[PDB]
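The next block is upload39.cif, given as mmCIF, C-alpha atoms and all ligand atoms.
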```cif
data_target
#
loop_
_atom_site.label_atom_id
_atom_site.label_comp_id
_atom_site.auth_asym_id
_atom_site.auth_seq_id
_atom_site.Cartn_x
_atom_site.Cartn_y
_atom_site.Cartn_z
CA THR J 531 5.56 40.03 36.51
CA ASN J 532 8.88 38.40 35.49
CA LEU J 533 8.51 36.62 32.11
CA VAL J 534 8.81 32.77 31.98
CA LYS J 535 10.82 31.13 29.12
CA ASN J 536 10.64 27.41 28.09
CA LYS J 537 8.10 26.55 30.82
CA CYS J 538 4.32 26.22 30.81
CA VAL J 539 2.92 29.48 32.14
CA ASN J 540 -0.36 31.25 32.33
CA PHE J 541 0.18 34.73 30.98
CA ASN J 542 -1.14 38.16 30.21
CA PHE J 543 0.47 40.54 27.71
CA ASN J 544 -1.11 43.98 27.38
CA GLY J 545 -4.40 42.42 28.42
CA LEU J 546 -4.07 39.59 25.92
CA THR J 547 -4.45 36.40 27.95
CA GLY J 548 -3.85 32.73 27.31
CA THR J 549 -1.71 29.81 28.36
CA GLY J 550 1.29 28.56 26.47
CA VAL J 551 5.01 27.90 26.31
CA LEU J 552 6.83 31.16 25.61
CA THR J 553 10.02 30.87 23.57
CA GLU J 554 12.42 32.98 21.56
CA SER J 555 11.27 33.24 17.96
CA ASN J 556 12.76 34.71 14.80
CA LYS J 557 9.57 35.77 13.02
CA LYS J 558 9.89 39.47 12.32
CA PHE J 559 7.16 42.00 13.20
CA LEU J 560 6.72 45.47 11.62
CA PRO J 561 7.09 48.16 14.38
CA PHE J 562 3.46 49.11 15.05
CA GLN J 563 2.19 45.54 15.28
CA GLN J 564 1.21 43.69 18.41
CA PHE J 565 0.10 40.09 17.91
CA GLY J 566 1.04 37.46 15.51
CA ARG J 567 -1.57 34.95 14.42
CA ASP J 568 -1.81 31.60 12.68
CA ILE J 569 -4.17 30.26 10.01
CA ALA J 570 -6.69 29.25 12.67
CA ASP J 571 -7.16 32.69 14.29
CA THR J 572 -5.30 31.44 17.35
CA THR J 573 -2.82 33.77 19.00
CA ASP J 574 0.44 32.24 17.77
CA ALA J 575 3.17 34.77 18.55
CA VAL J 576 3.28 37.87 20.72
CA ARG J 577 5.82 40.59 21.32
CA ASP J 578 6.98 41.32 24.84
CA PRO J 579 5.93 44.98 25.52
CA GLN J 580 8.76 45.95 27.97
CA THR J 581 11.64 44.37 25.96
CA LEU J 582 10.63 44.05 22.34
CA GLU J 583 11.11 40.42 21.40
CA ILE J 584 9.15 37.95 19.33
CA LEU J 585 7.73 35.31 21.64
CA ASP J 586 6.00 32.23 20.33
CA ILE J 587 3.00 30.82 22.13
CA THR J 588 2.71 27.05 22.08
CA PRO J 589 0.10 25.88 24.59
CA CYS J 590 1.44 23.18 26.84
CA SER J 591 1.56 19.78 25.19
CA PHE J 592 -1.17 17.25 25.76
CA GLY J 593 -2.15 13.90 24.35
CA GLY J 594 -4.18 10.79 24.83
CA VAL J 595 -2.94 8.38 27.44
CA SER J 596 -2.88 4.90 25.94
CA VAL J 597 -2.67 1.92 28.26
CA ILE J 598 -0.86 -0.84 26.41
CA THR J 599 -1.56 -4.17 28.00
CA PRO J 600 -1.57 -7.84 27.16
CA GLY J 601 -4.80 -9.46 28.29
CA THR J 602 -5.43 -9.01 31.98
CA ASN J 603 -5.47 -12.79 31.68
CA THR J 604 -1.72 -13.05 31.18
CA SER J 605 -0.60 -10.16 33.37
CA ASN J 606 -1.48 -7.18 35.51
CA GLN J 607 1.43 -5.23 34.04
CA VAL J 608 0.77 -2.27 31.77
CA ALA J 609 3.01 -0.06 29.66
CA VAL J 610 1.59 3.42 29.32
CA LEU J 611 2.04 5.42 26.13
CA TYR J 612 1.75 9.17 26.44
CA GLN J 613 0.97 10.20 22.89
CA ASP J 614 2.77 13.05 21.16
CA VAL J 615 4.93 14.53 23.95
CA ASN J 616 8.66 15.02 24.51
CA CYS J 617 9.59 12.82 27.46
CA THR J 618 9.89 15.34 30.27
CA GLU J 619 6.40 16.30 31.45
CA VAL J 620 5.91 12.82 32.85
CA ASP I 848 0.23 26.14 10.14
CA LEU I 849 -2.18 23.19 10.36
CA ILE I 850 0.75 21.47 12.18
CA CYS I 851 -0.08 22.69 15.76
CA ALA I 852 -3.01 25.16 15.38
CA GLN I 853 -5.53 22.33 15.25
CA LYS I 854 -3.45 20.67 17.96
CA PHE I 855 -4.13 23.69 20.16
CA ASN I 856 -7.79 22.97 20.84
CA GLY I 857 -7.72 19.19 21.04
CA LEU I 858 -7.73 18.43 17.33
CA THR I 859 -5.07 15.76 17.10
CA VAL I 860 -3.56 13.99 14.12
CA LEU I 861 -2.60 10.51 15.12
CA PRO I 862 0.27 8.85 13.27
CA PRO I 863 -0.80 6.23 10.74
CA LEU I 864 0.15 2.83 12.11
CA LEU I 865 2.30 2.09 9.06
CA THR I 866 5.11 4.50 8.32
CA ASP I 867 5.58 5.48 4.70
CA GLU I 868 8.85 3.56 4.65
CA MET I 869 6.90 0.43 5.52
CA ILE I 870 4.31 1.10 2.83
CA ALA I 871 7.23 1.24 0.43
CA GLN I 872 8.39 -2.18 1.61
CA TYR I 873 5.03 -3.77 0.88
CA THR I 874 4.80 -2.14 -2.53
CA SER I 875 8.33 -3.40 -2.97
CA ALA I 876 7.32 -6.93 -2.01
CA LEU I 877 4.16 -6.97 -4.13
CA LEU I 878 6.27 -5.55 -6.91
CA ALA I 879 9.17 -7.89 -6.22
CA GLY I 880 6.99 -10.99 -6.37
CA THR I 881 5.02 -9.77 -9.37
CA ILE I 882 8.22 -9.46 -11.37
CA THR I 883 10.02 -12.64 -10.36
CA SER I 884 7.29 -15.02 -9.26
CA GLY I 885 4.48 -14.20 -11.67
CA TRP I 886 1.05 -14.31 -10.09
CA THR I 887 1.62 -17.42 -8.01
CA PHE I 888 2.81 -15.59 -4.91
CA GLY I 889 -0.75 -14.56 -4.16
CA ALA I 890 -1.88 -18.19 -4.21
CA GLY I 891 0.87 -19.55 -2.00
CA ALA I 892 4.63 -19.82 -1.96
CA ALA I 893 6.12 -17.64 -4.68
CA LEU I 894 7.45 -19.54 -7.69
CA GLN I 895 10.40 -18.08 -9.54
CA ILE I 896 9.64 -17.99 -13.24
CA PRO I 897 11.53 -16.28 -16.07
CA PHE I 898 9.90 -12.92 -16.54
CA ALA I 899 9.83 -13.31 -20.31
CA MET I 900 8.09 -16.62 -19.70
CA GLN I 901 5.68 -14.83 -17.43
CA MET I 902 4.56 -12.51 -20.20
CA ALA I 903 3.89 -15.50 -22.42
CA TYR I 904 1.12 -16.43 -20.02
CA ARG I 905 -0.29 -12.94 -19.63
CA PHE I 906 -0.75 -12.93 -23.39
CA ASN I 907 -2.56 -16.27 -23.26
CA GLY I 908 -4.73 -14.58 -20.67
CA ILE I 909 -5.84 -11.96 -23.19
CA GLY I 910 -6.04 -14.41 -26.07
CA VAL I 911 -2.85 -13.45 -27.88
CA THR I 912 -0.88 -16.62 -28.49
CA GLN I 913 2.50 -16.58 -26.78
CA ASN I 914 4.36 -16.93 -30.07
CA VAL I 915 3.73 -13.19 -30.49
CA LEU I 916 5.91 -12.24 -27.45
CA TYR I 917 8.77 -14.74 -28.12
CA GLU I 918 9.06 -13.07 -31.54
CA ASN I 919 8.29 -9.45 -30.63
CA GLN I 920 10.10 -9.43 -27.28
CA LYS I 921 12.69 -6.79 -28.21
CA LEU I 922 10.00 -4.52 -29.61
CA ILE I 923 7.72 -5.05 -26.63
CA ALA I 924 10.68 -4.21 -24.42
CA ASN I 925 11.10 -0.75 -25.91
CA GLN I 926 7.38 -0.01 -25.96
CA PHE I 927 7.29 -0.90 -22.29
CA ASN I 928 10.30 1.18 -21.29
CA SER I 929 9.34 4.18 -23.40
CA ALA I 930 5.90 3.90 -21.85
CA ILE I 931 7.34 3.97 -18.34
CA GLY I 932 9.33 7.09 -19.16
CA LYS I 933 6.29 9.14 -20.08
CA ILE I 934 4.71 8.16 -16.77
CA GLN I 935 7.34 10.35 -15.13
CA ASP I 936 6.43 13.44 -17.13
CA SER I 937 2.72 12.64 -16.95
CA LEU I 938 3.22 13.09 -13.22
CA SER I 939 6.17 15.48 -13.43
CA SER I 940 4.66 18.09 -15.75
CA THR I 941 1.07 18.16 -14.44
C1 LIG J 1001 12.73 14.37 24.14
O1 LIG J 1001 13.28 14.07 25.42
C2 LIG J 1001 14.38 13.16 25.35
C3 LIG J 1001 14.89 12.89 26.76
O2 LIG J 1001 13.87 12.22 27.51
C4 LIG J 1001 15.49 13.75 24.47
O3 LIG J 1001 16.55 12.80 24.37
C5 LIG J 1001 14.95 14.06 23.09
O4 LIG J 1001 15.97 14.68 22.30
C6 LIG J 1001 13.76 15.01 23.21
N1 LIG J 1001 13.20 15.26 21.90
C7 LIG J 1001 12.65 16.43 21.59
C8 LIG J 1001 11.50 16.38 20.63
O5 LIG J 1001 13.05 17.48 22.07
#
```
Represent the structure contained in this file as structure tokens.
Ligand SMILES: *[C@@H]1O[C@H](CO)[C@@H](O)[C@H](O)[C@H]1NC(C)=O
Amino acid sequence: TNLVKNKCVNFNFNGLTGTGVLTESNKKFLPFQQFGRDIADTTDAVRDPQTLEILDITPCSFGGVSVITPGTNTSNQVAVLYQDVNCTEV
Amino acid sequence: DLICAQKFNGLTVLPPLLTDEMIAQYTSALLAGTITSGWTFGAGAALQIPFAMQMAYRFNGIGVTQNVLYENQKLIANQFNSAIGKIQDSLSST
């Protein structure tokens, strides 16, 4: 299925499955290799089988919603803080 | 790294409320008042006092009569400065 770049996608590569944000990446694999991995034994970076390229995997961002409010006494108005995102996914 | 790996599974690192630049403003203040105002800024409004006349008190605190500092000031200056220098290498080299 056509590959998705810079957009949250479920995926399967060569049977490897996960969900992340696939990007272009400059880390450099030796020929025979398949995965990359991080310190945590997550699957960090994968290589596209059909067109060899080094694709990062960053699972889609998430964070705690924080409702900032004065006392409900003074107002009903809230200002929401989405923690640790770029402002798009709103 | 530990930068996002943890952040994969729901292990989040929240930002400390006070940025490091702010911490460095406090430790500037505390250090700015200590130098100029003596110890009085902790008890109320800071009181400008000549630093060399501050150290006359801090000797009275330890029982050395202030006439030692007013006479040894130049010497005590160098011992202080040369002591500060080695603090760099104490950190720098180990
Ligand atoms: C986050 O999104 C804003 C636009 O809402 C943009 O100006 C900013 O550069 C982005 N920052 C990052 C981390 O990409």
Close residues, residue 586 in chain J itself excluded, 6 Å, only C-alpha atoms, min 6 positions apart in chain, as a PyMOL selection string:
chain J and resi 552-553+555+575
What do you get as a list in words if you pick all residues at most 9 Å from ligand LIG 1001 (chain J), counting only C-alpha atoms and all ligand atoms?
residues 615, 616, 617 and 618 of chain J
Kindly compute an axis-aligned box around the listed atoms of range 574-582 of chain J, allowing 5 Å on each side, and express its centre and edge lengths in Å to one decimal as JSON.
```
{"center_x": 6.0, "center_y": 39.1, "center_z": 22.9, "size_x": 21.2, "size_y": 23.7, "size_z": 20.2}
```
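Note that the spacing between CA of residue 590 in chain J and CA of residue 570 in chain J amounts to 17.4 Å.
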Near residue 916 in chain I, within 12 Å and counting all atoms listed in the file, which residues show up once chain neighbours fewer than 6 positions away are dropped, as a PDB file with C-alpha atoms, keeping the file's coordinate frame?
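Result saved to part_30.pdb:
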```
ATOM      1  CA  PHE I 898       9.900 -12.920 -16.540  1.00  0.00           C
ATOM      2  CA  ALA I 899       9.830 -13.310 -20.310  1.00  0.00           C
ATOM      3  CA  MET I 900       8.090 -16.620 -19.700  1.00  0.00           C
ATOM      4  CA  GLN I 901       5.680 -14.830 -17.430  1.00  0.00           C
ATOM      5  CA  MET I 902       4.560 -12.510 -20.200  1.00  0.00           C
ATOM      6  CA  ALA I 903       3.890 -15.500 -22.420  1.00  0.00           C
ATOM      7  CA  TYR I 904       1.120 -16.430 -20.020  1.00  0.00           C
ATOM      8  CA  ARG I 905      -0.290 -12.940 -19.630  1.00  0.00           C
ATOM      9  CA  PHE I 906      -0.750 -12.930 -23.390  1.00  0.00           C
ATOM     10  CA  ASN I 907      -2.560 -16.270 -23.260  1.00  0.00           C
ATOM     11  CA  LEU I 922      10.000  -4.520 -29.610  1.00  0.00           C
ATOM     12  CA  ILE I 923       7.720  -5.050 -26.630  1.00  0.00           C
ATOM     13  CA  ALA I 924      10.680  -4.210 -24.420  1.00  0.00           C
TER      14      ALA I 924
END
```
Taking only C-alpha atoms into account, which residues of chain J are within 8 Å of chain I, as a list in words?
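Written out as asked, the residues are residues 568, 569, 570, 572, 588 and 589 of chain J.
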Tell me, as JSON, numbers by chain, which residues lie within 12 Å of residue 559 in chain J, counting all atoms listed in the file; anything in the same chain fewer than 3 positions away does not count.
{"J": [555, 556, 562, 563, 564, 565, 566, 567, 575, 576, 577, 578, 582, 583, 584, 585]}
